[PDB]
Amino acid sequence: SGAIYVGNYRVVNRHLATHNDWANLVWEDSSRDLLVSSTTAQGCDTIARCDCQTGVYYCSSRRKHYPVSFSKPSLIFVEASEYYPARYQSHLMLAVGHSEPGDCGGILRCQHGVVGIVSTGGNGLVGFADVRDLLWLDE
Ligand SMILES: NC(=O)[C@H]1CCCN(C(=O)Cc2cccc3nsnc23)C1
Ligand SMILES: [Zn+2]
């Protein structure tokens with residue numbers, strides 16, 4: 001679990017969105033596993049606007065932050081689950097590192113700010129849904 005709070009927005013994994021997230025929907029994309037809902041309270045997370053390929057992510061299954069090199073946002077094949085059939089997930093970045101299903105929502109950050117959130121994993125790899133291209137999160 002986990003979310004990004006920026007201005008009047010809350011960004012979560014789409015497969016983990018609540019009834020309240022859907023009742024206050026701003027934008028959602030199944031192919032990216034992202035959902036953004038509106039919030040009354042003001043968020044103060046800074047989103048990065050960069051092309052970094054190094055950062056630090058939070059791994060709740062180990063209660064630790066890990067430094068990682070990660071790939072550029074791309075279309076990557078993802079196995080079926082109770083949330084999606086087998087498909088390509090776009091805007092996805094991979095790194096060598098530990099993750100478990102409950103790790104989704106953990107933030108990936110670089111020196112510029114929030115890069116994305118954990119969205120997939122397995123076989124010693126962790127996948128992050130990128131948010132740096134969503135320029136509207138700031139306005
Ligand atoms: N975006 C998707 O389609 C997700 C939806 C939930 C299931 N999923 C996973 O990757 C499950 C998983 C297993 C093993 C380590 C994991 N670390 S994070 N998620 C992990 C795919
Ligand atoms: Zn950066």
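Values below: all heavy atoms of this structure, side chains included; hydrogens, waters and symmetry mates excluded. Along the sequence shown, residues are numbered consecutively beginning with 1.
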Other residues, nucleotides, ligands: >12 heavy atoms within 6.0 Å of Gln42 CD: yes
Any donor and acceptor pair, going by atom type alone, linking the side chain of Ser71 with main-chain N or O of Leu94 inside 3.5 Å? yes
Exercise: identify the closest heavy-atom pair between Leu108 and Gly55: CD1-C, 4.1 Å
For residues 16-56, which residue pairs qualify under ring-ring contact (aromatic ring centres under 6.0 Å, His included), counting only residues two or more places apart or in two chains? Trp27-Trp136
Tell me whether the rings of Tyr83 and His15 are parallel (<30°), tilted (30 to 60°) or perpendicular (>60°). tilted
With distance as the sole test, does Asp33 use its side chain to make a donor-acceptor pair with the main-chain N or O of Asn13 at under 3.5 Å? no
Pairing donors with acceptors under 3.5 angstrom, does anything connect the side chains of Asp103 and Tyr58? no
Contact summary for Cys104 and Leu16, nearest pair of heavy atoms: CB-CD1, 4.0 Å
Side chains of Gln89 and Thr120, donor plus acceptor under 3.5 Å: no
Regarding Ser31 and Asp29, is there a side-chain donor-to-acceptor distance under 3.5 Å anywhere? yes
salt_bridge(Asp51, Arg132) N-O dist < 4.0 Å: no
Verify whether one side chain among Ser37 and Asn24 offers a donor that lies under 3.5 Å from an acceptor in the other. no
Do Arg109 and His65 make a side-chain contact, defined as non-hydrogen atoms from C-beta onward lying under 4.5 Å apart? no
Exercise: do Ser38 and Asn8 side chains pair donor with acceptor under 3.5 Å: no
Do the side-chain N and O atoms of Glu100 and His98 include a donor-acceptor pair separated by under 3.5 angstrom? yes
Quick one: does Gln53's side chain have a donor or acceptor within less than 3.5 Å of a partner on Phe70's backbone? yes
